[PDB]
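Participant: What follows is a structure written as structure tokens; I'll ask about it next.
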Amino acid sequence: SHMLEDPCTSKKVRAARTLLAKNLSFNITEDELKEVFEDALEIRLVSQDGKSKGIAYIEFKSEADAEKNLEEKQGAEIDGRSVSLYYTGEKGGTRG
């Protein structure tokens, strides 16, 4: 419990190396997201209550990875639409 410095439970620190991909398409998929980032641990998908909406989660190995990729690409113009990058280490907010 002593640790050196991390009185936040390391809960909101994991989302720092992860970001949400948006503006995707009904054709793109984790593959295109994994092919666009090619620098994260893995990407997740996200649609409506039950219908592809074009959203996907993305967790990199570190904030610099999710950030360098989210910025180095940001959109990457794919499926006729650039995949939007929505971080989640200090921006999103959903009391849950």
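One-based numbering along the chain as shown.
Recorded method for this deposit: solution NMR.
Note that Cβ sites are derived from N, Cα and C of the backbone, with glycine treated the same way.
Swiss-Prot feature annotations, pasted as is:
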DOMAIN    17-90  domain 'RRM 2'
MOD_RES   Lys22  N6-acetyllysine
MOD_RES   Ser25  phosphoserine
MOD_RES   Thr29  phosphothreonine
MOD_RES   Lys51  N6-acetyllysine
MOD_RES   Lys68  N6-acetyllysine
MOD_RES   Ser82  phosphoserine
MOD_RES   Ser84  phosphoserine
MOD_RES   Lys91  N6-acetyllysine
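How buried are the listed features, and what sits near them?
Facilitator: All protein chains considered, the CB of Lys22 (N6-acetyllysine) has 16 other CB atoms within 10 Å.
Neighbour count (other Cβ atoms within 10 Å of the Cβ, all protein chains): 14 for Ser25 (phosphoserine).
Its Cβ taken as reference, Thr29 (phosphothreonine) is surrounded by 16 other Cβ atoms within 10 Å in the chains shown.
A strand conformation is recorded for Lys51 (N6-acetyllysine) in the three-state DSSP classification.
Residues within less than 8 Å, Cβ to Cβ, of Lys68 (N6-acetyllysine) and separated from it by at least 6 positions along the same chain comprise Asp39.
The secondary structure of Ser82 (phosphoserine), as reduced to three states from DSSP, is extended strand.
Neighbours of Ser84 (phosphoserine), defined as other CB atoms within 10 A of its CB across all chains, total 16.
Cβ-based neighbour count (10 Å, all protein chains) for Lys91 (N6-acetyllysine) stands at 10.
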Participant: What's the number of neighbouring CB atoms sitting within 10 A of the CB on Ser82 (phosphoserine)?
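Facilitator: Counting Cβ neighbours of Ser82 (phosphoserine) within 10 Å gives 16.
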Participant: Taking the Cβ of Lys51 (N6-acetyllysine) as the centre, how many other Cβ atoms fall within a 10 Å radius?
Facilitator: 7
Participant: Please name which of the modified residues listed here, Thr29, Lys51, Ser82, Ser84, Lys91, is nearest in space to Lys22 (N6-acetyllysine), Cα against Cα.
Facilitator: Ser84
Participant: Looking only at C-alpha atoms, tell me how far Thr29 (phosphothreonine) is from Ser82 (phosphoserine), rounded to the nearest Å.
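Facilitator: Here the two Cα atoms lie 13 Å apart.
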Participant: Quick one: of the modified residues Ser25, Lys51, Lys91, which has its CA closest to the CA of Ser82 (phosphoserine)?
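Facilitator: In terms of Cα distance, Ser82 (phosphoserine) lies closest to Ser25.
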